[PDB]
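Structure below; questions to follow.
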C-alpha cells in the first residue's frame, strides 16, 4: 500500500509540472529503483 | 447507480459512513457530559 | 534476572543509564556529522573494492549499496543542485535491465 | 615447484602435512593435484 | 536423506507434545496466589 | 509585481493537457506535462520538449536543408526511413555475441516498423507517418515507441520525432503522443 | 449544485442529532 | 590476517555476555 | 535425473507427510508423551 | 451507567463495569450488531450509488459489491454486471435490519432488565455456569451450521455463485456433485501454509469450497447439539480459566487468527475472490506481464523457446524449481499461480510451446486490463502504481486494502488477546490489582545466586 | 601531462565537466562551447549520437610530457577524458608506496575534523563543569532540605 | 514413463513431483535400430535430460582425468520442445539437425573442494552425421550471459561502465582482461549420440548421449573448462 505519492502534485495555470520537494524525493526514489535488481528484470514494470 | 425511483435520494445517502465514527464520538460527549464519572 | 539473565539492581544506575544512552548516541552521531561536514565519509572498504575489481564474481549487499548510492547521486543531483547546470542526458544516467 | 612452502617460512604447515592433510578450504592442494574433499579435516578446519 | 526429516519431525513433535500437555496439565494452578 | 486577487470560484482554463506552439513555419501542440531540454542529439534540432518524469518520453523537430521539392521525390516510405536510419542510435559495442536472445547475430538493438501512412491535412502535401518499436537487449522501458511525421515545405524537411517508452506507452502516454502526432502541422 | 446542497443539509442534520439528544437528556431530567 | 580477528572479537563479546549472565556478582539492595 | 531428491515439495502432502513411517513416529511420540502424562496425571 | 468509585474502574475501562450486568451486556451487544449491520447496509448503498457500468468493477473503490457479486447476483457470462437491483435490495434490507437491531440494543441498554436471571433463567448466567455457557455455544454453533447450509442451498438449489473456471472465461454455475469427501477436505485443512501448497488459501474449485461448507455446517450443527447436551470435562475445567475476561481472551485470539486468514484469503485467492470482481492478486498482473510480453514478441516474429535473457535463464521462459516450464519474467517466484486464463495454456509436462504458438485464445489475449493497469500497487493516496509512478490514474486494489486493514486489525486483536489473557490469568489467580505488599512470592523462594 | 584539448570530428573545442566535491563518482561528459551536451561516455552504449566512436572527438595536449601527439581512434581518448574530468592530467607512480587509488584527506581536513570534534566535546566539558560549579550544593549534599 | 501416459496426467499431479523433468521413454518398441525405414523425416519434440555432470580439470603433472560433482542447480536441466530433421538412407548415415526450442539451460555445479562452475547446457546448431549406432557432430555454444549483463561494479560489455568506477586511479595495462576485453565470442562443443529403443508404428527413438561442451567464460577473465554430460534423450518422428 506504500506511502504518500505526492509527485506531479503541484501545477500552474498552464498545467506545467511544477517541481516540489516531493518531486526531489521522487527522482531520488526512481534513481534508487534503477539500480534495484540490475539484471533480474526482463520486463518494464516491477510487480514480482 | 440508483434506479430511477431512488435517484433524488442519493445525496441523502451520500453522508452515512461517518455515522458509526460519530457514535464513539457521541460516547465521548456522553462521558464528558457526565464529567468523567 | 530470570528472563534476560541480567537486571538492574540500583535505580540510580538504571535512571543514570537511561539518561546516558540517548545523550551518548546523539553526541556520537553529532561527531559523525562533524566528520561529514568536511566530506570525510565512511564510503569505501578498500579490500572489498579491490577484490570486487579483480573478481567480477564477488559481491556483497555493501557493493549493491555503493552502486545504489551512485544511482541516487546521478538521478537526484540533476535537479537537486540547480547551480550545477546538470543537463546530463539519459544514456549517461545509469540503469538496470528493464528499469 | 619453484615457490615451495619451505621457501615461504612455513613452520607449522609442514608438521600438519606430515601426517595427512594436504588441502584446505581454499580449493587448492600443496602438491598441485586436483582438489578433493577434505571433510572436516582440512588446514583451516583442523586449525579451528 | 529422509532420515534427517524423521529425526527432526520426531523431536519437533516431542517438544510440541511437551507444550500441549504442559498447558493441558492444570497450568493455572501453578501460582503462589490464593487461586 | 501588480496586485491582483486570488482565483475563487473562477474555474480552470486548461484541462486538455496541451499547449500551443508556433515556430518558423511549423505548429504543433506540445504536451504541458513536458518541459524543454537543450539536448541536441543532432545539430539540426531546433525545438525539443521532454517529460519531467522520464526524459525518454521526449519530442523534437529538425529543419534540415534538402534538394527534393516534395516528399514523394524521396520515393517509397520504406526507402525514406532507410535513409533516416541514423537517428535511432547506433550501437557502441562491436563485440561478437549470440546470447542476446531473439535478436540478430552480433547485434544489440533492433527496430520494428508498425505503421505507414500518407495523410493529408490542408494543401495536398502528404504526411509520411510511421510508428517504430525500438527493442533493445537491455529491455529498458520494455522497449520504446518511435512516432515520426516528416514533410518538406520549401527547402527544409520538418521531421517530428516523439519518443515513448513501452511502459509509459501502455500507462497512458499513447493519447498524448497521438495528439502531438496529429497536431504536428506545417503552415 | 443541488446535490451538494442536499449533501450538506443532510450532513448537518445527521451530525447535530446526537448532541441534540444528549442536551435534551441533560435538560429533560437525567439518567444518562 | 582478517577473518579470525572478527571471529575472535565476536565470540569474545559473547563470552563476556555469558560470564556476566551466569557468573555475575549476586545482587544486593533490592 | 542427476540426483536422488525427495520430490515431495508441494503436491498437497498433509502435514508434509510423504512416507507412512514419519506419520507413525509422529503418532508414536505424541502417544508416548500422552501415556507418560496420563499415567503420571493427578500429580501423584 | 454507574460511577468509578463503586465499580472500581475508570471511564476508559467503563465497558468492563458491565461485566456482571448481563442485561447491559445484551444491550451493548445488540447495539453493536446494529452498528455492524448499519455499516454493511450503508456501504452497500454507497457502492450502488458510485457505480460506473461500462468499466470493469474493481477501479471504483468498492469492497463489498464483490461480496454480493461472488454470490453471482446479477453477473453476466463473462463477468458483466448486468443489473444493480440485488445489490440495492441487499443494502436496504441491511439498513432496516440495522434500525430494528439498534432500537433493540438501546432498549436493552436503557430500559431493558438490569440483571437477567431473576426473571429469565433461560437468559441469565453467572460466569461459572459452565453448562449454560456450553448451551450458548451450542446455540451459536447451530446458527453457524445453518448459515453454512444456507450457502449450500444457494450453491446447489438456487442456481447462483460464479465459477471463474468455466470455459470461455467463467460462468455463474449451479454446482452439481460437490466434493464433500473427508480425505480432500481434511487434507485441505492440515497442509502447509507456504507457497508449495498453501494451507487454507488452496481451494481451486467451488465443489471443493462447497464440500468444505457441507463439512463445516454439519460439524457445527452436530457440535451444537453436543454442546447443548453435555457438561465440561474435568480436564477442560482444570486447563481452562473460566471467567468473562478469559472468554474475551479466547475469542480475541481466535478472531485474530481468522482475521489473519481473511487477509491472506483476500491477498491470494482468485477462486472464492474472483479477480474479475476484485482485481488481480499478487502473482497475477505479473503473470499477465509475462504472458502479454510472450504473446507480443511471438507475434512480431521473435521466437521465445530459443530466446535467452540477460542472466542465462530466459527472458520469456525458464524451467521451474520442479521440472515444468514456467514464465520467464521476474514472475518466476509466482510459478505456483493458478488463474482462469492459464489452464487452457497449461500443459501437463511443459507449457506446450506449439499450443502457445497456435492455440492462443483471444479472451486470454484480451485479458490485458489486469496487466496494463490495476496491479496490486496503488499507494496510500491513490495515484498510479509503483512509488515513483506519477498522477495519471486514480486506483488502488481492494484486495490490497482489505488485506492490510484486516491484518493490521487482526494484529491489534492479537495484542488485545495477550492483554486479556494475562489479566484473566492474573485475576483468576488473585493479583489483577498488584502484589499484596506484605507476602510476595519473591521473598518466599530461593535467591538465584 | 598538460591540458587535454578535445575537438569534434568537424572541429570545435569541447570541455569536460569537472567533478565536484560532493560526488564520489561523476559522469564524464564533453559539452559544447556554449554549454550544450555534445558527447559522453554512455551507460547503455546503444542509442543516440553522443558516443565517442561516432561523434569523433580527438585529444591533443599542449603540456610538458605530452605536447603534440593527438589521439582520436582508441579508448585512450576516453581514458584521458576520465583523467581530465578530475582536473589536470598527471602521471603518478603507485608502486613505490603500494598506493591504492582512492582519495585521501588533506592535513587541513584532518586538523579541522579533529579540532571541530574536540571543540564540540569541550563544549560538553564546559557545560558540565559549569553545571557542577553553579550547583555544588546539590551535587555534594543538601541533607533533607 | 512413455509420452503416451504423461499427457493423460493433470497439471496438478505432475506439479512438485519432478516427472516433467523426466524425458519420455520407449517400452513397446524394438532394439533392431537398423530396422527404421529410410527416407526424410520431419520430427518434433526433442526431449533431452541429463543423468550425470562431470567436469574436466587440469592437474599440474600431465594426465587426463574426470571426476564426479555435486549440483547446486535444482530441476532446470532438461531440454524440451525442439523440432528438426535427419535425412536417413538404407545404410544408416544421417543428417541430424535441430532448429529451434528450449535448447539451453542455466546450471551451476561445484567440483570437490568448492569452486563455482556455472554453465549453459546448450545443444543448439547441432549437425548430426554418421550411423545410427554412433553419430556425432558439433553444436554452437553461447557464452552464458547476454552482453547487457552487469558485474557488481556496474561495468559490462554492450552496456555498463567498462572502467574502474570504484577506484579512479587504476586504468593501466593490467585491467585489460577485466575491463577492456569483455569477450562474448561463442564457443563450440561436440556431442556424440546413439539411437536406442526404436519404435516402428509411431516413430519414437529414445537413446543416450555424451556431450562435450565448454563451461562458462564468465566475462572472458578466466578460461573455460570442459564439461561432459551423460544422459538420455527422446524424440518422436513425423
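Order of writing sets the labels: A, B, C, D, E, F, G, H, I, J, K and L. Residues in every chain begin at 1.
Here is the rule we go by: a contact is a pair of C-beta atoms (placed from the backbone, for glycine too) under 8 Å apart; a residue touches a chain by one contact, two chains touch by 3 or more.
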Required minimum of steps from chain G to chain L, each step between chains that touch: 3
Distance-maximising chain from chain E - centres being C-alpha averages: F
Comparison of F-L and F-J by number of C-beta pairs in contact, larger one: F-L
Distance from the mean Cα position of chain I to that of chain F, given in whole angstrom: 67
Length of the line joining the C-alpha centres of chain A and chain E, rounded to whole Å: 51
Gap in Å, rounded to a whole number, between the CA centres of chain E and chain C: 45
Separation of chain A from chain F, taking each centre as the mean of its C-alpha atoms, in whole Å: 23
Per-residue overlap in chain A, given as positions that touch at least 2 other chains: 7-8, 19, 23, 30, 33, 35, 37-46
For chain F, residues that touch 2 or more chains besides their own: 38-39, 53, 91, 93, 99-101, 108, 136-142
Touching two or more other chains - residue numbers and ranges from chain C: 1, 44, 49-50, 64, 67, 70, 73-74, 87, 89, 93-99
Of chain F, residues touching chain L in the complex: 91, 93, 95-101, 108, 136-139
Chain A-touching residues of chain C, taken from the complex the two chains share: 64, 67-68, 70-76, 78-80, 93-99
For the chain C and chain K complex, residues of the former touching the latter: 27, 30-31, 34-35, 37-40, 43-44, 46, 49-50, 69-70, 73-74, 77, 84-85, 87-89, 91-95
Partner chain B, residues of chain G touching it in the complex: 2-4, 6-7, 10-11, 14-15, 18-19, 22, 26, 32
Chain L partner contacts - residues on chain J that touch it in the complex: 196, 303, 305-306, 308-314, 317-325, 343, 346-350, 353-354
